[PDB]
Amino acid sequence: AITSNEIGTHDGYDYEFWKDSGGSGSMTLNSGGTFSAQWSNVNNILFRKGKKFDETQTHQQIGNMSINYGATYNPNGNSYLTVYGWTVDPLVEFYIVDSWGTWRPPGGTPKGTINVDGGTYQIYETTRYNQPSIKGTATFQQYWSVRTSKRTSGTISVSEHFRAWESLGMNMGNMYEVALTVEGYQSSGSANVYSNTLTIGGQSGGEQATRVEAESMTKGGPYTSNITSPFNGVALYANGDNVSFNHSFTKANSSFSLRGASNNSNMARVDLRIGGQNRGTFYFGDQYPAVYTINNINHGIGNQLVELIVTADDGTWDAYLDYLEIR
Amino acid sequence: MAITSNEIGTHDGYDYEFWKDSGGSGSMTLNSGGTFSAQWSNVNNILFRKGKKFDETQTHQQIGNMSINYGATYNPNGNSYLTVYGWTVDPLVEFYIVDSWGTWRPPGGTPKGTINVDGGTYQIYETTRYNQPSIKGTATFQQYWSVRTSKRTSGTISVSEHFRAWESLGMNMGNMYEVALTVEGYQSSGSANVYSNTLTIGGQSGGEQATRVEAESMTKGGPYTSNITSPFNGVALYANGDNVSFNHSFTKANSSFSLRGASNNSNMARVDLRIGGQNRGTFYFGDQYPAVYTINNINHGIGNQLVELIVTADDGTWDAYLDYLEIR
Ligand SMILES: [Ca+2]
Ligand SMILES: [Ca+2]
Ligand SMILES: [Ca+2]
Ligand SMILES: [Ca+2]
């Protein structure tokens, strides 16, 4: 188990154990986002598993964030069960607190409230003066959403809180981290986070879908042509044959579903490009219509060129395209 | 749909894929971590998997030691495999480490060798596929196999052990494209529940042979670096550019770095890690008491490289005291 300050990645999740002097702590990393923790007579201790970012993107550019979790939570003293993280420029430490120990944080007068995920959160902004931070000993703002009543399982719509904060004038910088966290202050305790899933993107923005017919897009290359069998669509025959269109992306992540087919029993490949960058390859194994889906594409909001292009043709197959759905 | 058609993606940190050709049906449900359930009915070929896709730039030695710990409820009705699965490119190779199967134990042919590992025995085969579907379209390519001599549906698969066994038998491997725990069906129906599936790249401890290098024994650099005796035998880094460095011979591709140090006062000290001239992370020392800060899972590649510990964020409010660095 982890008993001193450590940063790493475990089963795809970025984890961290942090304490200052005094007392002891133990963190045990389990599968997915899960972990158990125990602490005894600490000054400050933090256990978390989530994602660290490279400090280059806002939370809008990263996309919709949501955490689904469940915890056995037994603090003995001052403690939080909370989503936690940081932004830079401005340097901000933030909290979405769902439960706590003996003291409901953070004191002071709320700047607002948000009703979300079946509860009510009061929103606070505080200041830390010459305190430990990701940038050393520093003075920085703290943003809080604190539930009006305790709960230790459910879904936390992280992006909703970020937008709530920002509308109340609490500017956020580029993201540094988002993680489900157990914090202790001047206390002891144990906790078992048995469920902890951080999801970026694909939430119930996935039940609307935009279908763009291949035959309605702009044709390019030497031979691209319309077809009517095995569906209304286009055929891409040689390298450089392509179909493309400008799309106005409202959100930052999407899945792309191409319905198509090869002309014969050889496997056809169609490349996906956004803004001129390859983002993956659609595969059609045979002559029967099939839908191939490339999920979890981060591309950023705004109007961008979408291309579907054949680059690996060698005269043994053509590609037939019916439509592309963007979710 | 709860994946019922060909799809590639990332879920909870794992690269997942659903692939079938024409005929029959299949359904894959993605659960936490590497886990998923799968069911198929009257298919020609179907594959469900969760693991890691790679960028085709590294050999498996450069990626590092790979090991999968898994458990599955496995109920095939026909020809099927419960297997580690993946690809290399240049050469294009499809590979299998099969722990269980359905009605037919693959792959036929005569074994090229054996390996005893993870408490079982595996026979090793090499076969050829002619104009079959692959990650490079319809192609002709080799297949590498390790197949257990008897079925098992939970345990640990020391993937890198099989890779080295294969290569020593002249089954040369290309740059890695994918490694994943997989359920495959051929001309069959079935269900499976993979309730545990952990892919570990860089995990240790069959020889956890931690190397401690004392800060005072390393090479000093910068304007003020000096020895100290309190709070330990070590060195102090005072200004930007002050550093200590040493050459380390890295046997494996991934390491953990545990730096014992302290600030001189109650302000937080920061020390940067450089390997081979590249910034690889930052150690934090929150106060004046000796503490160990560990940066885990650093991929750095095999070979002799300069390890440097350097202060770059000094502003006159703290110094950094270093006792030793352990590489594990
Ligand atoms: Ca063609
Ligand atoms: Ca169409
Ligand atoms: Ca200094
Ligand atoms: Ca020393």
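Criteria and cut-off values
Residues numbered from 1 in each chain as written, not as in the entry; some residues may be left out. Chains lettered and ligands numbered in written order. Heavy atoms only, no water. Salt bridge = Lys/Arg side-chain N within 4 Å of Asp/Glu carboxyl O. Helix = DSSP H or I, 4+ residues; strand = E, 2+ residues; numbered from the N terminus. Buried < 20%, exposed > 50% of the residue type's maximum accessible area, 1.4 Å probe, protein only. Contact = heavy atoms within 4.5 Å. Polar contact = N/O pair within 3.5 Å; in protein donor to acceptor, adjacent residues only side chain to side chain. UniProt positions renumbered as here; feature names shortened; annotations may be inferred. Buried area = accessible area lost by both parts, 1.4 Å probe. Nonpolar A, V, L, I, M, F, W, Y, C, P; charged D, E, K, R; others polar. Pairing = 2+ DSSP bridges. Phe/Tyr/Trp six-rings, centres within 6.5 Å; stacked < 30°, edge-to-face > 60°. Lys NZ or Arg CZ within 6 Å of the ring centre and 35° of its normal. Donors = N, O, S within 2.8 Å, 3.2 Å for Na, K, Ca; no water. Domains from an automatic or database assignment.

Structure determination for this entry, per the PDB record, employed X-ray crystallography and reached 2.45 Å resolution.

Visitor: It is not clear to me how the pattern of salt bridges should be interpreted in this structure. Could you clarify?
Guide: Residue and element names in this part refer to chain A. Scanning the model with the defined rule gives 24 salt bridges over all chains in all. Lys52 is the partner of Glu16 in a salt bridge, and the nearest nitrogen-oxygen pair spans 2.9 Å. Residue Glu16 is located in strand β2 (residues 13-19), and its partner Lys52 is located in strand β5 (residues 44-52); the two are separated by 36 residues in the primary sequence. Assigned by exposure class, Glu16 and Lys52 land together as buried.

Visitor: Sorry, what's going on with the environment of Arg270(B) here?
Guide: Structurally, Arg270(B) is set in strand β19 (residues 269-275). Not counting residues up to four positions away in its chain, the partners in contact with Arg270(B) are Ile134(A), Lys135(A), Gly136(A), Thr282(B), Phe283(B), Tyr284(B), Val311(B), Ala313(B) and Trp318(B). A polar contact of 3.2 Å, which involves the side chain of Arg270(B), links it to the backbone oxygen of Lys135(A).

Visitor: I tried to follow the UniProt feature "binding site: Ca(2+) 2" (unreviewed entry) in chain A on my own but got confused; where do I start?
Guide: Residues and elements named next belong to chain A. The feature "binding site: Ca(2+) 2" (unreviewed entry), as given by UniProt, occupies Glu213, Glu215, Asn232 and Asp322 in the numbering adopted here. Sequence-wise these annotated residues cover 110 residues; spatially they are packed, their C-alpha atoms never more than 8.6 Å apart. Looking at the element boundaries, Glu213 is found in strand β13 (residues 210-213). Not counting residues up to four positions away in its chain, the partners in contact with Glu213 are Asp322 and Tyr323. Once you skip the residues sitting within four places of it in the chain, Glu215 turns out to touch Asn226, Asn232, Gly233, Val234 and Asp322.

Visitor: I tried to follow the interface of chain B and chain A on my own but got confused; where do I start?
Guide: When the parts of a complex come together, some accessible area is lost, and that lost area is often used as the size of the interface. Contact residues are listed per partner, giving 36 residues for chain B and 36 residues for chain A. Of the roughly 2,800 Å² buried between chain B and chain A on both sides combined, carbon and sulfur atoms contribute 45%. When the area that chain B buries against chain A is broken down by residue, the three leading residues are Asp12(B), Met268(B) and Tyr293(B), summing to 18%. On inspection of chain B and its partner chain A, the count reaches 20 residue pairs in polar contact. Secondary structure elements with two or more residues in the side of chain B that touches chain A: β1 (7-11), β2 (14-20), β12 (175-201) and β21 (291-299) of chain B. Counting residues per element, the side of chain B that touches chain A draws most heavily on β21(B), which supplies 6 residues. Class assignment of the residues belonging to the side of chain B that touches chain A gives a composition of 13 nonpolar, 17 polar and 6 charged. Strand direction decides the pairing type here: strand β1 (residues 6-10) of chain A and β21(B), joined by 2 bridges, are parallel. Paired with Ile7(A) across the strands is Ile295(B), a residue of β21(B).

Visitor: Looking at this structure, I do not really get the UniProt feature "domain: GH11" (unreviewed entry) in chain B. What am I missing?
Guide: Under the UniProt annotation, "domain: GH11" (unreviewed entry) lies at residues 2-197 of chain B. The distance from the first to the last C-alpha atom of residues 2-197 of chain B is 19 Å, and the span holds 7% helix and 62% strand.

Visitor: What's the story with helix α2 (residues 159-168) of chain B in this structure? I'm lost.
Guide: Each turn of an α-helix holds 3.6 residues, which means side chains three or four residues apart point in the same direction. Residues of α2(B) that are buried include every one of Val159(B), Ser160(B), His162(B), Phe163(B), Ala165(B) and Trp166(B), and no others. Positive backbone phi, at 80°, marks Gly170(B), one or two positions downstream of α2(B).

Visitor: Could you clarify how one ought to interpret the packing of aromatic side chains in this entry?
Guide: To describe a pair of aromatic rings, one takes the distance between the centres and the angle between the planes. Tallied over the full model, the rule gives 30 aromatic pairs over all chains. Ring centres of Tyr283(A) and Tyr292(A) lie 5.9 Å apart, and the angle between their planes is 45°; on these two criteria the pair is classed as tilted. Assessed through its relative accessible area of 3%, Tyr292(A) is described here as buried. On the numbers, 5.7 Å between centres and 85° between planes, the contact of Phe18(B) with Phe48(B) is edge-to-face. Of this pair, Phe18(B) sits in strand β2 while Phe48(B) sits in strand β5 (residues 45-53), and the two are 30 residues apart along the sequence. A single burial state applies to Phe18(B) and to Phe48(B), both of which are buried. Linked through ring pairs, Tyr80(A), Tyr84(A), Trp86(A), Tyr95(A), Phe140(A) and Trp144(A) together constitute an aromatic cluster. The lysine or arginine in question, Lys52(B), covers the ring of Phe54(B), its NZ or CZ lying 6.0 Å from the ring centre.

Visitor: Could you clarify how one ought to interpret the coordination of the calcium ion (ligand 2) in this entry?
Guide: Around a metal, the idealised angle for a tetrahedral arrangement of four donor atoms is 109.5 degrees; for an octahedral arrangement of six donor atoms it is 90 or 180 degrees. Residue and element names in this part refer to chain A. Within the protein, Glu213 (OE), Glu215 (OE), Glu215 (OE), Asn232 (O), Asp322 (O) and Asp322 (OD) serve as the donor atoms for the calcium ion (ligand 2), at 2.3 to 2.6 Å. One chain supplies every donor for the calcium ion (ligand 2), spaced along it as E-x1-E-x16-N-x89-D. Among the residues examined, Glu213 registers a relative accessible area of 27% and is labelled partly exposed. The class for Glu215 is partly exposed, based on a relative accessible area of 29%.

Visitor: What is the right way to read the domain arrangement of chain A from this model?
Guide: Residues and elements named next belong to chain A. As far as domains go, chain A holds domain 1 (1-208) and domain 2 (209-327). Put simply, the middle of domain 1 and the middle of domain 2, counted by C-alpha atoms, are 41 Å apart. Taken together, the contacts link 11 residues of domain 1 with 8 residues of domain 2. Carbon and sulfur atoms make up 42% of the area that domain 1 and domain 2 hide from each other, which totals about 570 Å². It is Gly205, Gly206 and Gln208 that lose the most area in domain 1 upon contact with domain 2, and together they represent 47% of the buried surface on that side. For the pair domain 1 and domain 2, the interface holds 0 salt bridges.

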